[PDB]
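Below you'll find only one chain, the form deposited in one PDB entry, shown as structure tokens.
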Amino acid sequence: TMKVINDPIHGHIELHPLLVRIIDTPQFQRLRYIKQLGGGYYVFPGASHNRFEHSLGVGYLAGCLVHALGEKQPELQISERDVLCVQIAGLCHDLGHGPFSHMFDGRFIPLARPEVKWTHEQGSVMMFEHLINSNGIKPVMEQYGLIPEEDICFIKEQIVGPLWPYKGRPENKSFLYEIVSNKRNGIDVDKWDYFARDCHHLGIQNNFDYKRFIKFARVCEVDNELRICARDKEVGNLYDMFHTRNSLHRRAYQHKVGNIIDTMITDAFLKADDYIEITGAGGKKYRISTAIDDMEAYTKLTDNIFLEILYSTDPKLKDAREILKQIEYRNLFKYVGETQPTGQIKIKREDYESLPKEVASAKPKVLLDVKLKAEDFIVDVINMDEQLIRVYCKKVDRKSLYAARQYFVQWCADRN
């Protein structure tokens, strides 16, 4: 029968029997040990939450929103099948994340294997496919009157993008595909869910109230294309929600210490590659930077890798252990300066590795005595959604910092 589960943000939540059947599986439970903020735990001790409750809340919000929208307009003929499909799509929307969520996808894979284009959402859809294939849930889905063949696709295109390429549901129900992932707006249930969770755990007071937005949701035909919007007097609501988004990003998501900590973690991970063997399908062994291409190995890849590197004794991981000890000792590198991103051009992901060579090869003009190689500089790209560039140096000496300042200023002007 129905099952009830609580949560700090929302109240008691009801779960469909099929949803709980999906939940109880190792692949989904793997989210139990991935931190929401990833590397932010080491600056704000309140960000101790995982992705499990995030997924549960996103699913609950999607279900409630769709039910409320369908209640007040019974002439759209929305069936329980649509509700279940959208709830399932929302529930498994973040299965592809690796250790610490964002950083692994955004800084590690593009650095270890530049020639491969990878995004955590593609990994999420691959993981969902493997999950549904490996656990025999399809007969259960058929039991509850839900057609597997079409609905599996429906979910697949609900989570990721496919003059109408969609092939899951005809145009008469085109308003469903923008509930969990809205292409032209970017505001969905996931947005509100993770905002609420982040402000609650960090301690920042929120300003938005999604319950009002649900209370004033209506759907009507626009250009032969059903759309969802609210009344015109919610301008203040939208403005304060966007202000909260900007404040949250500026305060937490771009904190200097958190990002440099993520940089240290990814440097330790990449330096320790080619020494860790992870069991995969058929006994095949994979590296941490290569496991992305298989799901059996990726299942056993979580935040535990960092701790495992920390508490190993093999002599082949000496550098990684030293870096991890240094972060634990709060002997954290140094910040030099900030860039000037001017050109409309965007630094392509696979061009990061060139950047240290470019900065090192740059010839300073000011009187500099110490010459530094290209192995003692770190540069990172921050995608503001603008692009920001920050620089860090291996050395901590004041004189070395002065030389690093000259290299950065000359190079920054050189690249316009």
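Rigid core here is just the name for the largest C-alpha set that superposes within 1.5 Å across the two forms. Quick note: we count residues from 1 along the sequence shown, nothing fancier.
Greater C-alpha displacement in 4 other deposited structures of this protein (rigid core superposition, RMS over structures and residues), of 374 to 382 versus 36 to 44: 374 to 382.
After superposition on the rigid core, the larger root-mean-square Cα deviation in 4 other deposited structures of this protein belongs to 393 to 401, not to the other of 393 to 401 and 15 to 23.
In this entry, no coordinate-free residues of the deposited sequence separate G145 from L146.
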